[PDB]
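Here's query_36.csv, which has CSV, C-alpha atoms and all ligand atoms:
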chain,number,residue,atom,x,y,z
W,11,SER,CA,143.7,74.8,60.8
W,12,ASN,CA,142.9,72.6,63.8
W,13,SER,CA,141.8,69.6,61.8
W,14,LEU,CA,142.6,66.0,62.1
W,15,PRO,CA,145.0,64.8,59.3
W,16,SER,CA,144.1,62.7,56.3
W,17,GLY,CA,144.5,59.1,57.3
W,18,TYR,CA,143.4,59.5,60.9
W,19,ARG,CA,141.3,56.6,62.0
W,20,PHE,CA,138.2,56.1,64.1
W,21,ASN,CA,138.1,52.3,64.1
W,22,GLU,CA,136.6,51.6,60.6
W,23,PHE,CA,136.4,55.3,59.7
W,24,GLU,CA,139.3,57.1,58.0
W,25,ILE,CA,139.5,60.9,57.6
W,26,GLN,CA,140.1,61.9,54.0
W,27,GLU,CA,140.0,65.7,54.0
W,28,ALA,CA,138.8,68.6,56.2
W,29,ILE,CA,136.2,70.2,53.9
W,30,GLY,CA,134.7,72.8,56.3
W,31,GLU,CA,136.2,74.6,59.3
W,32,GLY,CA,134.3,77.2,61.2
W,33,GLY,CA,134.6,78.6,64.7
W,34,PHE,CA,132.5,75.8,66.2
W,35,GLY,CA,133.2,72.6,64.4
W,36,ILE,CA,135.1,70.9,61.6
W,37,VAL,CA,133.5,68.9,58.8
W,38,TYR,CA,135.5,66.0,57.2
W,39,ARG,CA,135.1,63.9,54.2
W,40,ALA,CA,135.7,60.4,55.6
W,41,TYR,CA,135.4,56.8,54.5
W,42,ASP,CA,133.8,53.8,56.2
W,43,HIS,CA,136.0,50.8,55.5
W,44,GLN,CA,133.4,48.4,56.8
W,45,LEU,CA,130.5,49.5,54.5
W,46,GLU,CA,132.9,50.9,51.9
W,47,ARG,CA,131.2,54.2,51.6
W,48,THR,CA,132.1,57.9,51.8
W,49,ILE,CA,130.6,59.7,54.7
W,50,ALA,CA,131.0,63.1,56.5
W,51,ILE,CA,132.1,63.5,60.0
W,52,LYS,CA,131.4,66.6,62.0
W,53,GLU,CA,133.6,67.3,65.0
W,54,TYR,CA,132.6,69.7,67.7
W,55,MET,CA,135.4,72.2,68.1
W,56,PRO,CA,134.7,75.6,69.5
W,57,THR,CA,137.9,77.4,68.7
W,58,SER,CA,137.3,80.2,71.3
W,59,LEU,CA,137.1,77.6,74.0
W,60,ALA,CA,139.3,74.7,73.0
W,61,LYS,CA,142.6,73.8,71.2
W,62,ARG,CA,144.1,70.7,69.5
W,63,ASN,CA,146.4,68.8,71.7
W,64,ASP,CA,149.6,67.0,70.5
W,65,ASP,CA,147.8,63.7,70.6
W,66,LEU,CA,145.0,65.3,68.5
W,67,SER,CA,142.5,65.3,71.4
W,68,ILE,CA,140.8,68.6,72.3
W,69,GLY,CA,141.6,70.5,75.5
W,70,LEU,CA,140.3,73.7,77.0
W,71,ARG,CA,142.1,76.9,76.2
W,72,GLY,CA,141.3,78.0,79.8
W,73,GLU,CA,139.9,76.3,82.7
W,74,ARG,CA,137.2,78.9,83.0
W,75,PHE,CA,135.7,77.7,79.6
W,76,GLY,CA,134.8,74.2,80.9
W,77,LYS,CA,131.1,74.8,81.7
W,78,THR,CA,130.4,76.6,78.4
W,79,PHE,CA,132.3,73.9,76.5
W,80,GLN,CA,130.2,71.2,78.0
W,81,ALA,CA,127.0,73.1,77.4
W,82,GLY,CA,128.0,73.5,73.7
W,83,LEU,CA,128.8,69.8,73.6
W,84,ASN,CA,125.4,68.9,75.1
W,85,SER,CA,123.7,71.1,72.5
W,86,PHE,CA,125.7,69.4,69.8
W,87,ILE,CA,124.4,66.0,71.0
W,88,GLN,CA,120.8,67.3,71.2
W,89,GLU,CA,121.0,68.6,67.6
W,90,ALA,CA,122.3,65.2,66.4
W,91,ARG,CA,119.3,63.6,68.2
W,92,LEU,CA,116.9,66.0,66.5
W,93,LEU,CA,118.3,65.3,63.1
W,94,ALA,CA,118.2,61.5,63.9
W,95,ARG,CA,114.4,61.8,64.1
W,96,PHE,CA,114.1,62.2,60.3
W,97,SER,CA,114.8,60.2,57.1
W,98,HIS,CA,114.2,62.9,54.4
W,99,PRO,CA,116.3,63.7,51.4
W,100,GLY,CA,116.4,67.4,52.3
W,101,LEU,CA,117.6,67.0,55.9
W,102,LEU,CA,121.1,66.0,56.9
W,103,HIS,CA,120.9,62.2,57.6
W,104,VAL,CA,122.7,61.2,60.8
W,105,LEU,CA,124.5,58.0,60.6
W,106,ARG,CA,126.9,57.9,63.5
W,107,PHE,CA,127.4,59.6,66.9
W,108,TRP,CA,130.2,59.1,69.5
W,109,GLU,CA,132.4,60.8,72.0
W,110,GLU,CA,136.2,60.6,71.7
W,111,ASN,CA,139.2,62.9,71.9
W,112,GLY,CA,137.5,65.1,74.6
W,113,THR,CA,134.8,66.1,72.1
W,114,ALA,CA,132.0,64.6,70.1
W,115,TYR,CA,131.5,63.4,66.5
W,116,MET,CA,128.5,63.0,64.2
W,117,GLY,CA,128.9,60.6,61.2
W,118,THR,CA,126.5,61.7,58.5
W,119,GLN,CA,125.6,61.1,54.9
W,120,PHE,CA,128.0,62.8,52.6
W,121,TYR,CA,126.5,65.4,50.3
W,122,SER,CA,127.9,66.6,47.0
W,123,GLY,CA,128.0,70.3,46.0
W,124,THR,CA,128.5,73.3,48.1
W,125,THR,CA,126.6,75.7,50.4
W,126,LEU,CA,124.1,78.1,48.9
W,127,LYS,CA,126.3,80.9,50.3
W,128,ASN,CA,129.3,79.7,48.3
W,129,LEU,CA,127.1,79.1,45.1
W,130,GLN,CA,125.8,82.6,45.4
W,131,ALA,CA,129.3,84.0,45.8
W,132,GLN,CA,130.9,81.9,43.0
W,133,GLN,CA,128.2,81.4,40.4
W,134,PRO,CA,125.5,84.1,41.0
W,135,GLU,CA,124.7,83.8,37.2
W,136,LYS,CA,123.2,80.4,37.8
W,137,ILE,CA,120.6,81.9,40.3
W,138,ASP,CA,117.6,83.1,38.4
W,139,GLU,CA,113.9,82.8,38.9
W,140,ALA,CA,113.6,79.4,37.2
W,141,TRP,CA,116.4,78.0,39.4
W,142,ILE,CA,114.7,79.5,42.5
W,143,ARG,CA,111.4,78.0,41.6
W,144,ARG,CA,113.0,74.6,41.2
W,145,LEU,CA,114.8,75.0,44.5
W,146,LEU,CA,111.7,75.8,46.5
W,147,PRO,CA,109.6,72.6,46.4
W,148,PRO,CA,112.3,70.4,48.0
W,149,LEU,CA,113.4,73.2,50.3
W,150,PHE,CA,109.7,73.7,51.4
W,151,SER,CA,109.4,70.0,51.9
W,152,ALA,CA,112.5,69.8,54.1
W,153,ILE,CA,111.4,72.7,56.3
W,154,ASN,CA,107.8,71.5,56.5
W,155,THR,CA,109.0,68.1,57.7
W,156,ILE,CA,110.7,69.7,60.7
W,157,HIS,CA,107.5,71.7,61.4
W,158,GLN,CA,105.2,68.8,61.1
W,159,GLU,CA,107.0,66.9,63.9
W,160,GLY,CA,106.7,69.9,66.2
W,161,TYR,CA,110.1,71.5,65.8
W,162,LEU,CA,111.4,74.8,64.4
W,163,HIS,CA,114.7,75.3,62.6
W,164,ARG,CA,115.5,78.9,63.8
W,165,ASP,CA,118.9,79.3,62.1
W,166,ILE,CA,118.1,79.4,58.4
W,167,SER,CA,120.4,81.4,56.1
W,168,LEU,CA,122.5,80.7,53.0
W,169,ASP,CA,125.3,79.3,55.1
W,170,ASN,CA,123.6,76.0,56.1
W,171,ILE,CA,121.7,75.0,53.0
W,172,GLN,CA,123.7,72.6,50.8
W,173,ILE,CA,123.1,72.7,47.1
W,174,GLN,CA,124.0,69.3,45.7
W,175,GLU,CA,125.3,68.7,42.2
W,176,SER,CA,121.7,67.6,41.4
W,177,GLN,CA,120.8,71.1,42.7
W,178,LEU,CA,118.6,69.5,45.4
W,179,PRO,CA,118.9,71.3,48.8
W,180,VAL,CA,119.9,69.8,52.1
W,181,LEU,CA,119.5,71.5,55.5
W,182,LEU,CA,122.8,70.8,57.2
W,183,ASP,CA,122.8,72.4,60.6
W,184,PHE,CA,120.7,74.2,63.2
W,185,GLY,CA,123.6,76.0,64.9
W,186,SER,CA,122.6,74.6,68.3
W,187,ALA,CA,126.1,74.4,69.9
W,188,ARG,CA,127.1,77.8,68.5
W,189,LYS,CA,123.9,79.4,69.7
W,190,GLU,CA,124.1,77.9,73.2
W,191,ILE,CA,127.8,79.0,73.5
W,192,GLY,CA,126.8,82.5,72.4
W,193,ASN,CA,123.9,82.7,74.9
W,194,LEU,CA,126.1,81.5,77.9
W,195,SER,CA,129.0,83.7,76.9
W,196,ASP,CA,127.1,86.9,76.2
W,197,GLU,CA,128.5,86.7,72.7
W,198,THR,CA,125.1,87.7,71.4
W,199,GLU,CA,126.6,88.2,67.9
W,200,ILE,CA,126.8,84.4,67.2
W,201,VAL,CA,123.2,83.7,68.3
W,202,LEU,CA,120.9,85.2,65.8
W,203,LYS,CA,121.7,85.9,62.1
W,204,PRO,CA,121.3,89.6,61.3
W,205,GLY,CA,118.7,90.2,58.6
W,206,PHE,CA,117.5,86.6,58.7
W,207,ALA,CA,116.1,86.5,62.2
W,208,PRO,CA,112.6,88.0,62.5
W,209,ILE,CA,111.5,90.3,65.4
W,210,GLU,CA,110.0,87.6,67.6
W,211,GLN,CA,113.4,85.8,67.9
W,212,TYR,CA,115.0,88.8,69.6
W,213,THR,CA,112.7,88.1,72.7
W,219,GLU,CA,105.3,83.8,69.6
W,220,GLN,CA,107.7,81.7,67.6
W,221,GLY,CA,106.4,79.1,65.1
W,222,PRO,CA,106.6,78.1,61.4
W,223,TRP,CA,106.3,81.8,60.5
W,224,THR,CA,109.7,82.3,62.2
W,225,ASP,CA,111.4,80.0,59.7
W,226,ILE,CA,109.3,81.4,56.9
W,227,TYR,CA,110.7,84.9,57.5
W,228,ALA,CA,114.3,83.6,57.3
W,229,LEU,CA,113.5,81.7,54.1
W,230,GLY,CA,112.2,85.0,52.7
W,231,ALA,CA,115.4,86.6,53.7
W,232,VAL,CA,117.4,83.9,51.9
W,233,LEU,CA,115.3,84.4,48.8
W,234,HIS,CA,115.8,88.2,49.1
W,235,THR,CA,119.5,87.6,49.2
W,236,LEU,CA,119.4,85.5,46.1
W,237,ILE,CA,117.4,88.0,44.2
W,238,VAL,CA,119.1,91.3,45.1
W,239,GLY,CA,122.3,90.1,46.6
W,240,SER,CA,122.0,91.0,50.3
W,241,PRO,CA,119.5,90.2,53.1
W,242,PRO,CA,116.8,92.7,54.2
W,243,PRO,CA,117.3,95.2,57.1
W,244,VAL,CA,117.8,93.8,60.6
W,245,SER,CA,114.3,93.1,61.9
W,246,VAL,CA,114.7,95.1,65.1
W,247,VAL,CA,115.7,98.1,63.1
W,248,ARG,CA,112.6,97.5,60.9
W,249,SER,CA,110.4,97.3,64.1
W,250,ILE,CA,111.4,100.9,64.9
W,251,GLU,CA,111.2,102.4,61.4
W,252,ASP,CA,110.7,99.9,58.5
W,253,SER,CA,113.0,100.8,55.7
W,254,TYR,CA,112.3,97.6,53.8
W,255,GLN,CA,111.6,98.3,50.2
W,256,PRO,CA,109.2,95.7,48.8
W,257,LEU,CA,110.7,93.7,46.0
W,258,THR,CA,107.5,94.3,44.0
W,259,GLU,CA,108.5,98.0,44.0
W,260,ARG,CA,112.2,97.5,43.4
W,261,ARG,CA,111.4,95.3,40.4
W,262,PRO,CA,114.8,93.5,40.0
W,263,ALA,CA,115.3,92.5,36.4
W,264,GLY,CA,114.1,89.1,35.4
W,265,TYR,CA,111.8,88.5,38.4
W,266,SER,CA,108.0,88.1,38.3
W,267,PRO,CA,105.6,90.0,40.6
W,268,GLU,CA,104.4,86.6,41.8
W,269,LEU,CA,107.8,85.4,43.2
W,270,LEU,CA,108.7,88.9,44.4
W,271,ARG,CA,105.3,89.2,46.3
W,272,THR,CA,105.9,85.8,47.9
W,273,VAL,CA,109.2,87.0,49.3
W,274,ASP,CA,107.7,90.3,50.5
W,275,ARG,CA,104.9,88.4,52.3
W,276,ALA,CA,107.4,86.0,54.0
W,277,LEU,CA,109.3,89.1,55.1
W,278,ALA,CA,106.2,90.8,56.7
W,279,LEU,CA,107.4,92.4,59.9
W,280,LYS,CA,104.8,90.9,62.2
W,281,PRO,CA,104.4,87.1,62.5
W,282,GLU,CA,100.6,87.3,61.9
W,283,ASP,CA,101.1,89.1,58.6
W,284,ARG,CA,103.3,86.3,57.1
W,285,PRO,CA,102.3,83.0,55.6
W,286,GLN,CA,101.5,80.8,58.7
W,287,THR,CA,102.7,77.5,57.3
W,288,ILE,CA,105.1,76.4,54.6
W,289,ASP,CA,102.1,75.2,52.5
W,290,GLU,CA,100.6,78.7,52.8
W,291,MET,CA,103.8,80.2,51.4
W,292,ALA,CA,104.0,77.7,48.6
W,293,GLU,CA,100.5,78.4,47.6
W,294,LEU,CA,101.5,82.1,47.0
W,295,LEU,CA,103.7,80.9,44.1
W,296,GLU,CA,100.7,79.5,42.3
W,297,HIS,CA,98.0,81.1,40.1
W,298,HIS,CA,100.6,82.1,37.4
Y,1,LIG,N1,127.2,66.1,55.4
Y,1,LIG,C1,128.0,66.9,54.6
Y,1,LIG,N2,128.4,66.4,53.4
Y,1,LIG,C2,129.1,67.2,52.6
Y,1,LIG,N3,129.5,68.5,52.9
Y,1,LIG,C3,129.2,69.0,54.1
Y,1,LIG,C4,128.4,68.2,55.0
Y,1,LIG,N4,128.2,69.0,56.1
Y,1,LIG,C5,128.8,70.2,55.9
Y,1,LIG,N5,129.4,70.2,54.7
Y,1,LIG,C6,130.2,71.3,54.2
Y,1,LIG,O1,131.0,71.9,55.2
Y,1,LIG,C7,131.4,73.2,55.0
Y,1,LIG,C8,131.4,74.1,56.2
Y,1,LIG,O2,132.1,75.4,56.2
Y,1,LIG,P1,133.0,76.1,55.1
Y,1,LIG,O3,132.5,77.6,55.0
Y,1,LIG,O4,133.1,75.3,53.8
Y,1,LIG,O5,134.5,76.1,55.8
Y,1,LIG,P2,135.8,76.5,55.0
Y,1,LIG,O6,136.0,78.0,55.2
Y,1,LIG,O7,136.9,75.6,55.7
Y,1,LIG,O8,135.6,76.1,53.6
Y,1,LIG,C9,130.3,73.7,54.0
Y,1,LIG,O9,131.0,74.2,52.8
Y,1,LIG,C10,129.4,72.5,53.7
Y,1,LIG,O10,129.2,72.4,52.2
Kindly present the structure from the file in structure tokens form.
Amino acid sequence: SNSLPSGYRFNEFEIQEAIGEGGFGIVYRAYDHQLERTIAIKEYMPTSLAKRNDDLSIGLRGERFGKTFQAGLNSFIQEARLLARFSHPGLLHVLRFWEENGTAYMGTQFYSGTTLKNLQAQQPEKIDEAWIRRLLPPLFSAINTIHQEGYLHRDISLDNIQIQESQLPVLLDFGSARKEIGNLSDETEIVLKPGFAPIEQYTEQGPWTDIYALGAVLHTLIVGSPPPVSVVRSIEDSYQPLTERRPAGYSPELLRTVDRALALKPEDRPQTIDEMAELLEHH
């Protein structure tokens, strides 16, 4: 682990535990001693570019990585600014942003629970149609709020949807820094998410781009894995509609909603979140 230790201080903030560590940042449970509340802190930390120094600042692993490191940092800042536009229960709420230690930090609201990816791995028996139909209204609302302000998410999968103990979802992360680093470094494999990214993301984008990825999330919850990579589908579509697979315990109405979200071409999908939600009605 490259994480700051428990007890580390940023003025009034104290690190309590590193609770998430990926290749591009570290998430900490932390405590604000001024406001006496638990928060999360997200630290930009691209491990392929940078390492932890003895004084716990961040330094480049090689001088050739400086431009890509700074571009990732700039994208991290821009993502914090985008999230700072919203005050919505289903979108990560940005409290704090600052630069220190050669990197950058976002202080955010602390959310209970775990990611949808971890819930699906640990308690797949909890995920049934009734649970999915309770998940969708707040998840729809969160995505639609992004869309209504003129933005797209473009990185939806199970990994960046938090499921709180209340079961309410939170969108945590748009992958901006990761995706910028991948584009600049020709590490294409960290830019799009195979099976979740629709065809128009591989090089025309709009709400239907996020709707496809949400369809792919739902497909993963229902049958356990995402649909085929969209570029492979565009050559020869081996996607088997869920209405034909008929997984046990799932209604044609929900299965058809997933299939429509996963329509290969953008124009054949629901065009807005509201359109997709309307598909779940009439039953
Ligand atoms: N604002 C937040 N509040 C609470 N948890 C968060 C917040 N932002 C991110 N997380 C958590 O950070 C984790 C990031 O990656 P994860 O896969 O857990 O790494 P690790 O392999 O170290 O467990 C996720 O589990 C997610 O639940």
Next on the checklist: From the options W:256, W:117, W:243, W:69, which residue's atoms come nearest to ligand LIG 1 (chain Y), counting all atoms listed in the file?
Outcome noted: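 The closest residue to ligand LIG 1 (chain Y) is W:117.
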Next on the checklist: As an exercise, work out the distance from CA of residue 125 in chain W to CA of residue 82 in chain W in Å and give it to one decimal place.
Outcome noted: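 Calculated distance between CA of residue 125 in chain W and CA of residue 82 in chain W is 23.4 Å.
Reported to one decimal place, the separation of CA of residue 123 in chain W from CA of residue 175 in chain W is 4.9 Å.
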Item to check | Exercise: residue 103 in chain W partners within 12 Å, all atoms listed in the file, chain neighbours under 4 positions left out, as number ranges by chain | outcome: W: 49-51, 89-99, 107, 116-121, 152, 180-183
Item to check | Shell around residue 65 in chain W at 12 Å using all atoms listed in the file, local window under 6 positions removed, as a ChimeraX atom specification | outcome: /W:14-15,18,111-112
Checklist entry - Hey, which of W:192, W:267, W:134, W:281 ends up closest to residue 235 in chain W? Count all atoms listed in the file. => result W:134
Checklist entry - Hey, which of W:23, W:34, W:86, W:184 ends up closest to residue 114 in chain W? Count only C-alpha atoms. => result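 The shortest atom-to-atom distance to residue 114 in chain W comes from W:86.
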Checklist entry - Looking at W:71, W:106, W:271, W:77, which one is nearest to residue 42 in chain W, with distances taken over only C-alpha atoms? => result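 Selected residue with least distance to residue 42 in chain W: W:106.
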Checklist entry - Out of W:124, W:255, W:44, W:12, which residue has the shortest atom-to-atom distance to ligand LIG 1 (chain Y) when counting only C-alpha atoms and all ligand atoms? => result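 With only C-alpha atoms and all ligand atoms as the atom set, the closest residue is W:124.
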Next on the checklist: Which residue is closest to ligand LIG 1 (chain Y)? Choose from W:143, W:280, W:39, W:248 and count all atoms listed in the file.
Outcome noted: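 For ligand LIG 1 (chain Y), the nearest of the given residues is W:39.
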Next on the checklist: Between CA of residue 48 in chain W and atom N4 of ligand LIG 1 (chain Y), what distance in Å does the model show, to one decimal?
Outcome noted: 12.5 Å
Next on the checklist: Could you list, as a VMD selection string, every residue within 9 Å of residue 138 in chain W, counting all atoms listed in the file and ignoring same-chain residues fewer than 3 positions away?
Outcome noted: chain W and resid 134 to 135 141 to 143 236 to 237 264 to 265
Next on the checklist: If we count all atoms listed in the file and set the cut-off at 12 Å, which residues sit around residue 188 in chain W, ignoring sequence neighbours fewer than 3 positions away in its own chain? Please answer as a PyMOL selection string.
Outcome noted: chain W and resi 32-35+54-59+78-86+89+165+183-185+191-203
Item to check | residue 254 in chain W environment, 10 Å, only C-alpha atoms, sequence neighbours closer than 3 positions dropped, as a list in words | outcome: residues 242, 243, 244, 245, 247, 248, 251, 257, 274, 277, 278 and 279 of chain W
Same residues, C-alpha atoms, output as a compact mmCIF listing (two decimals), in the frame of the given file:
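What ended up in result_22.txt:
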# COMPACT_ATOMS: atom_id res chain seq x y z
CA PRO W 242 116.80 92.70 54.20
CA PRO W 243 117.30 95.20 57.10
CA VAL W 244 117.80 93.80 60.60
CA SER W 245 114.30 93.10 61.90
CA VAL W 247 115.70 98.10 63.10
CA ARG W 248 112.60 97.50 60.90
CA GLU W 251 111.20 102.40 61.40
CA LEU W 257 110.70 93.70 46.00
CA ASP W 274 107.70 90.30 50.50
CA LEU W 277 109.30 89.10 55.10
CA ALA W 278 106.20 90.80 56.70
CA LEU W 279 107.40 92.40 59.90
